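Trainee: Contents of model_28.cif (mmCIF, C-alpha atoms and all ligand atoms) are given next:
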```
data_input
#
loop_
_atom_site.label_atom_id
_atom_site.label_comp_id
_atom_site.auth_asym_id
_atom_site.auth_seq_id
_atom_site.Cartn_x
_atom_site.Cartn_y
_atom_site.Cartn_z
CA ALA J 7 -95.17 -103.44 91.17
CA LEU J 8 -95.95 -101.80 87.84
CA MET J 9 -93.06 -99.33 87.98
CA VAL J 10 -89.64 -99.14 89.58
CA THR J 11 -86.81 -96.60 89.53
CA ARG J 12 -83.32 -97.79 88.62
CA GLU J 13 -80.18 -96.42 90.26
CA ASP J 14 -79.62 -93.91 87.42
CA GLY J 15 -83.18 -92.52 87.70
CA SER J 16 -84.55 -94.35 84.64
CA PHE J 17 -87.80 -96.36 84.96
CA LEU J 18 -88.64 -100.04 84.47
CA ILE J 19 -92.32 -100.19 83.65
CA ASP J 20 -94.93 -102.91 83.18
CA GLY J 21 -96.58 -102.98 79.71
CA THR J 22 -99.95 -102.74 81.41
CA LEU J 23 -99.35 -99.28 82.90
CA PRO J 24 -102.17 -97.04 81.63
CA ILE J 25 -101.02 -94.21 79.34
CA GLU J 26 -102.83 -91.67 81.58
CA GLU J 27 -100.89 -92.83 84.58
CA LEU J 28 -97.69 -92.94 82.48
CA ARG J 29 -98.12 -89.29 81.39
CA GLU J 30 -98.55 -88.23 84.98
CA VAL J 31 -95.47 -90.12 86.12
CA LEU J 32 -93.23 -88.71 83.35
CA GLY J 33 -94.85 -85.26 83.56
CA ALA J 34 -95.53 -85.60 79.82
CA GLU J 35 -98.13 -83.54 77.84
CA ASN J 42 -106.55 -93.70 70.78
CA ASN J 43 -106.35 -97.28 69.60
CA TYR J 44 -104.51 -97.87 72.93
CA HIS J 45 -104.66 -97.05 76.64
CA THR J 46 -101.66 -98.92 78.04
CA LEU J 47 -97.92 -98.62 77.50
CA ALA J 48 -97.74 -102.04 75.70
CA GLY J 49 -100.70 -101.01 73.48
CA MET J 50 -98.77 -97.87 72.55
CA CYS J 51 -95.64 -99.85 71.55
CA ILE J 52 -97.62 -102.29 69.37
CA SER J 53 -99.30 -99.23 67.88
CA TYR J 54 -95.97 -97.48 67.10
CA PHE J 55 -94.23 -100.47 65.52
CA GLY J 56 -97.34 -101.93 63.84
CA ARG J 57 -96.07 -105.35 64.92
CA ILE J 58 -94.75 -107.14 67.99
CA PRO J 59 -91.25 -105.65 68.48
CA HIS J 60 -87.98 -107.41 69.37
CA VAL J 61 -86.45 -106.87 72.77
CA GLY J 62 -83.97 -104.00 72.43
CA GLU J 63 -86.09 -102.08 69.93
CA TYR J 64 -86.99 -98.57 71.05
CA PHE J 65 -88.74 -95.37 70.07
CA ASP J 66 -88.90 -91.79 71.29
CA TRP J 67 -92.11 -90.41 72.77
CA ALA J 68 -92.80 -87.13 74.57
CA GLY J 69 -89.08 -86.52 75.29
CA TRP J 70 -88.47 -90.09 76.55
CA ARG J 71 -86.94 -93.21 75.05
CA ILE J 72 -89.05 -96.32 75.45
CA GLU J 73 -87.15 -99.64 74.96
CA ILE J 74 -88.61 -103.16 75.04
CA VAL J 75 -86.68 -105.18 77.65
CA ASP J 76 -88.86 -108.27 78.16
CA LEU J 77 -91.25 -109.97 75.73
CA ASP J 78 -93.27 -112.88 77.14
CA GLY J 79 -94.79 -114.71 74.20
CA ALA J 80 -96.62 -111.88 72.43
CA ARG J 81 -96.87 -109.86 75.61
CA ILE J 82 -94.71 -106.76 75.94
CA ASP J 83 -94.00 -107.41 79.61
CA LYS J 84 -91.36 -104.85 80.58
CA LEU J 85 -90.11 -101.53 79.22
CA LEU J 86 -87.17 -99.29 80.03
CA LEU J 87 -87.86 -95.53 80.02
CA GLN J 88 -84.99 -93.02 79.92
CA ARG J 89 -85.27 -89.25 79.58
CA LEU J 90 -83.52 -87.88 76.48
CA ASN J 91 -80.86 -85.28 77.55
CA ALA A 7 -85.00 -115.88 72.72
CA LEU A 8 -83.02 -116.35 75.92
CA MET A 9 -80.54 -113.56 75.20
CA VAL A 10 -80.47 -110.34 73.21
CA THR A 11 -77.89 -107.58 72.67
CA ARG A 12 -78.92 -103.99 73.32
CA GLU A 13 -77.69 -101.08 71.20
CA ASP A 14 -74.87 -100.29 73.67
CA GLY A 15 -73.59 -103.89 73.65
CA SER A 16 -75.09 -104.87 77.01
CA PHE A 17 -77.16 -108.09 77.27
CA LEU A 18 -80.78 -108.77 78.25
CA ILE A 19 -80.89 -112.33 79.49
CA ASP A 20 -83.59 -114.79 80.53
CA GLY A 21 -83.30 -116.06 84.15
CA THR A 22 -83.30 -119.60 82.82
CA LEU A 23 -80.02 -119.26 80.90
CA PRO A 24 -77.70 -121.98 82.23
CA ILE A 25 -74.61 -120.67 84.05
CA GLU A 26 -72.36 -122.78 81.77
CA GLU A 27 -73.82 -121.14 78.72
CA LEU A 28 -73.65 -117.73 80.45
CA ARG A 29 -69.91 -118.15 81.18
CA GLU A 30 -69.26 -119.00 77.57
CA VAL A 31 -71.22 -116.00 76.31
CA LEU A 32 -69.47 -113.52 78.64
CA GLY A 33 -66.09 -115.24 78.24
CA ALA A 34 -66.02 -115.51 82.04
CA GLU A 35 -63.80 -117.93 84.07
CA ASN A 42 -73.25 -125.26 93.07
CA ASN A 43 -76.67 -124.83 94.60
CA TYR A 44 -77.60 -123.34 91.17
CA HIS A 45 -77.20 -123.92 87.43
CA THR A 46 -79.16 -121.04 85.92
CA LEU A 47 -78.74 -117.27 86.01
CA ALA A 48 -81.94 -116.81 88.13
CA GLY A 49 -80.72 -119.53 90.55
CA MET A 50 -77.46 -117.60 90.91
CA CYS A 51 -79.27 -114.33 91.77
CA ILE A 52 -81.49 -115.99 94.41
CA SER A 53 -78.30 -117.58 95.73
CA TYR A 54 -76.43 -114.24 95.95
CA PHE A 55 -79.20 -112.26 97.64
CA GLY A 56 -80.51 -115.12 99.80
CA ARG A 57 -84.02 -113.89 98.97
CA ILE A 58 -86.11 -112.86 95.98
CA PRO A 59 -84.63 -109.47 94.94
CA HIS A 60 -86.42 -106.27 93.90
CA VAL A 61 -86.24 -105.13 90.31
CA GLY A 62 -83.31 -102.71 90.05
CA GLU A 63 -81.16 -104.60 92.56
CA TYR A 64 -77.81 -105.71 91.17
CA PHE A 65 -74.55 -107.43 91.98
CA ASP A 66 -71.13 -107.82 90.41
CA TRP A 67 -69.98 -111.21 89.15
CA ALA A 68 -66.92 -112.19 87.09
CA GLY A 69 -66.34 -108.58 85.91
CA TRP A 70 -70.02 -108.01 84.98
CA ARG A 71 -72.92 -106.25 86.63
CA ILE A 72 -76.09 -108.30 86.81
CA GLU A 73 -79.31 -106.27 87.44
CA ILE A 74 -82.84 -107.63 87.90
CA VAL A 75 -85.11 -105.93 85.33
CA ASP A 76 -88.26 -108.07 85.40
CA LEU A 77 -89.72 -110.14 88.25
CA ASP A 78 -92.80 -112.22 87.39
CA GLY A 79 -94.32 -113.35 90.66
CA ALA A 80 -91.34 -115.06 92.31
CA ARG A 81 -89.69 -115.71 88.97
CA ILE A 82 -86.61 -113.69 88.07
CA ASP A 83 -87.65 -113.36 84.44
CA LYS A 84 -85.17 -110.91 82.92
CA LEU A 85 -81.71 -109.62 83.76
CA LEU A 86 -79.53 -106.84 82.39
CA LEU A 87 -75.80 -107.63 82.07
CA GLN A 88 -73.24 -104.84 81.58
CA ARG A 89 -69.47 -105.18 81.54
CA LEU A 90 -67.74 -103.15 84.26
CA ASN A 91 -65.23 -100.69 82.63
MG MG X 101 -89.46 -112.98 79.65
MG MG X 102 -93.13 -108.70 84.50
MN MN X 103 -91.54 -111.09 82.11
#
```
Show me, as structure tokens, the structure contained in the file I just sent.
Mentor:
Amino acid sequence: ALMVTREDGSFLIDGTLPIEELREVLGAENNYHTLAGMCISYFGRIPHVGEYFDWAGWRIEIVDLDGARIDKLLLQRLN
Amino acid sequence: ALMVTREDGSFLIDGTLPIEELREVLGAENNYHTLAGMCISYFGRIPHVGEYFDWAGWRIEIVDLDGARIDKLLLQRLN
């Protein structure tokens, strides 16, 4: 499973989810095509677990880092 | 890193964290000695991501499952 819904409606998402598929899931709106690629791109480095950024009205937080691999993300809608 | 603190004070924790070390971290109070072992023990099966249970005044939620391995947990204090 690449994506699951938590009890509060927020999403746990695999770093490999393609950005195209992500956009379609979130109903939202390079040098990347997956969610993990996008995070590396934003930070310009491999982020710590618990770091986050805001993208297309959503907060993306790193929740699991396996070696250098951004394995799992938490997505929550702002507001 | 086996454990990190999120912005809201909740913990992201590796399934391998020993229960003894977990108790000491949470300030809390078999057929298991790690956090992942405890989850498998509770559910009596490999749980889905997003499943959770309450233990010693804390909520434990599965956030990343890698094959059969319970890789990452979210811990939040109740109340
Ligand atoms: Mg991990
Ligand atoms: Mg995973
Ligand atoms: Mn993982």
Trainee: Record the distance separating atom CA of residue 87 of chain A and atom CA of residue 47 of chain J, expressed in Å with one decimal.
Mentor: 24.3 Å
Trainee: Rounded to one decimal, what separation in Å do you get between atom CA of residue 54 of chain A and atom CA of residue 81 of chain A?
Mentor: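 Between these atoms lies a distance of 15.1 Å.
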Trainee: Closest to ligand MG 101 (chain X) among A:13, A:78, A:30, A:66, using all atoms listed in the file?
Mentor: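 Residue with the minimum atom-to-atom distance to ligand MG 101 (chain X): A:78.
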Trainee: Which chains and residue numbers are within 6 Å of ligand MG 101 (chain X), counting all atoms listed in the file, if I want them as a CSV table (one decimal) with C-alpha atoms, in the frame of the given file?
Mentor:
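Contents of pocket-v4.csv, as written:
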```csv
chain,number,residue,atom,x,y,z
J,76,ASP,CA,-88.9,-108.3,78.2
J,77,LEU,CA,-91.2,-110.0,75.7
J,78,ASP,CA,-93.3,-112.9,77.1
A,83,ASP,CA,-87.6,-113.4,84.4
A,84,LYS,CA,-85.2,-110.9,82.9
```
Trainee: Considering all atoms listed in the file, extract the chain J residues located within 9 Å of chain A and return them as number ranges by chain.
Mentor: J: 10-13, 18, 20, 60-63, 75-76, 83-84, 86
Trainee: Would you mind telling me which residue in A:53, A:28, A:69, A:22 lies nearest to ligand MN 103 (chain X) when using only C-alpha atoms and all ligand atoms?
Mentor: A:22
Trainee: If I take atom CA of residue 49 of chain J and atom CA of residue 82 of chain J, how far is one from the other in Å, to one decimal?
Mentor: 8.7 Å
Trainee: What lies within 8 Å of residue 46 of chain J using all atoms listed in the file, ignoring chain neighbours under 2 positions off, as a VMD selection string?
Mentor: chain J and resid 21 to 25 44 48 to 50
Trainee: So which one's closest to residue 58 of chain A, A:34, A:80, A:90, A:8? Using all atoms listed in the file, please.
Mentor: A:80
